[PDB]
């Protein structure tokens, strides 16, 4: 038996909300249900056709049992749908799509949903099990402990990024310029209505209060260009370059894609949006995560036999402005082709979701026949990358 061709038939997401902001009352799983239900509606298929689901989700503590199952059932999918929650840190939402593609390729399923979800607003604090130490204890923040601290270096991802800024000589000003570029591209894309088929509105209902309709990304509107160059370099007191403005923020959101075999799409009279061509994972020293996406992207190109020039648009996840700039520089790519409609620095970074968002964005933004390449670094020194072609 030969490997089956895999197609993206729909790709949908919630808006991204700011930390403790517009979507902070919704658990990650509920955002997941919203995205999954939206993606299935858009695919125009009976929901019973979806055979199995994988969702990325990095910070699972306190979400209750089986987060992906919660998202799936909450979306109204059948109780017969098996569910697995995926954690490759920042790459989780992309790795979910990759693993689901592998199942489809094997003929183990013909239709799946894959994506990612995160509610950083609802990530809790932890207290160790045991006896309390004389003198007190600090209950640790799981965003910091599980999401953002490199285990081996015992420093923030932001501090790890400083290493790359040093080695590649990427200055504060260049990072700030990228960050401003991202906010500008985000606003322009929202104003041009570019997320109209991608984002679905979320109604937040509180008892006794009026409904709030969240219809666009919250983060990009919280910028002051005049203040960008004034911020302190918080991850390194001496010779620092990374700031709160030129790094991604803490956010809430979910994205989901409907994936099928080519045969399943034919059977169901569905016109797919894009073909999944290839994907790869790469890993380097934990401190050097910003550069892993370079290797992952090169693997994919070399596997398919494409040149970098053959890629119409790049989605290189904006964990930090530093990451994108390292990637542009090492790969020598046209910066007008990279994160064209904004990215994590200005739209925000719900870590388990972003890897799925960037792939769904390519699916909508590419023109017929064009190749898009999405890549995303992750805590621990990893990256995932994926090549798709618009149909």
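C-alpha atoms forming the largest set that superposes within 1.5 Å between two forms make up the rigid core. Numbering follows the first chain given and starts at 1.
Choosing between 68 to 76 and 135 to 143, the greater Cα displacement from the shown form in 6 other deposited structures of this protein, fitted by the core, goes with 135 to 143. Once the C-alpha B-factors are averaged per stretch, 151 to 159 and 234 to 242 rank with 234 to 242 first. The PDB entry reports B-factors from which the mean C-alpha value can be compared for 209 to 217 and 168 to 176; the larger average falls on 209 to 217.
When the C-alpha B-factors of 329, 51, 357, 30 are read from the PDB record, the largest value belongs to 329. When the C-alpha B-factors of 66, 35, 45, 345 are read from the PDB record, the largest value belongs to 45. Sort the chain's modelled residues by C-alpha temperature factor and residue 263 lands in the highest third, per the entry. Ranked against the other modelled residues of its chain, the C-alpha B-factor of residue 368 as given in the entry falls in the highest third. Compared with the other modelled residues of the chain, the Cα B-factor recorded for residue 288 ranks in the middle third. Per the deposited record, the Cα B-factor of residue 136 falls in the highest third when ranked against the other modelled residues of its chain. Per-chain ranking of the deposited C-alpha B factor places residue 353 in the lowest third.
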